[PDB]
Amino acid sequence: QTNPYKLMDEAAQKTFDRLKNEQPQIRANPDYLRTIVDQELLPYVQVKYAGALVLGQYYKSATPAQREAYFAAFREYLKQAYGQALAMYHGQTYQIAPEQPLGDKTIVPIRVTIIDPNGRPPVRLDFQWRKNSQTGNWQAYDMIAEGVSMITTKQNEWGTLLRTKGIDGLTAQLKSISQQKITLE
């Protein structure tokens, strides 16, 4: 399947299936959550498009080798960070927005609501899907989470680091963060 609603449905279903049913494996090795991210989610993420946007002005002035190193570190960072997000699983489930015709739409926002029955209030995610012009595949290049863009958030969080130490500095920080072990609550 190739339609971005169907990709959302599949990725959600598979991820929650493994979270629901493989807690022994996750408790035994929390880093297994990085594998779930790597297999079920990351292939559908437009990592370089997002990463370039996070860099902003610093992307244009970076060399190809700097860019390569940055994108590698950024990908590893995403595995760690969203692995750590999956570590917050405690029986939540999800509802995805219903499929709508694609038409000639170029960027398709697809909402998923993370529901915690009898627990915490809903968490609204809005994935920004577009067609990768090179690969021909639909991918998400950003996620709005609780009303905050992940790209924008990271621009803000890493702004001073970029202003003072540039893409080299950010690459080193991403690599550092990606090496932190995932922890369960």
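Each residue number is its position in the shown sequence, starting from 1.
Of the two segments examined, 77-85 and 104-112, it is 104-112 that shows the higher average Cα temperature factor in the deposited entry.
Taking only CA atoms, the mean B-factor in the PDB entry is higher for 54-62 than for the other of 54-62 and 34-42. Between the residues 19, 167, 177, 11, it is 177 that shows the highest Cα B-factor in the PDB record.
In the deposited entry, the Cα temperature factor of residue 26 places it in the highest third of its chain's modelled residues.
In the deposited entry, the Cα temperature factor of residue 146 places it in the middle third of its chain's modelled residues.
For residue 152, the recorded CA B-factor ranks within the lowest third of the chain. Only modelled residues enter the ranking. The deposited CA B-factor of residue 118 belongs to the middle third of values across its chain. Ranked by C-alpha B-factor against the other modelled residues of its chain, residue 132 falls in the highest third.
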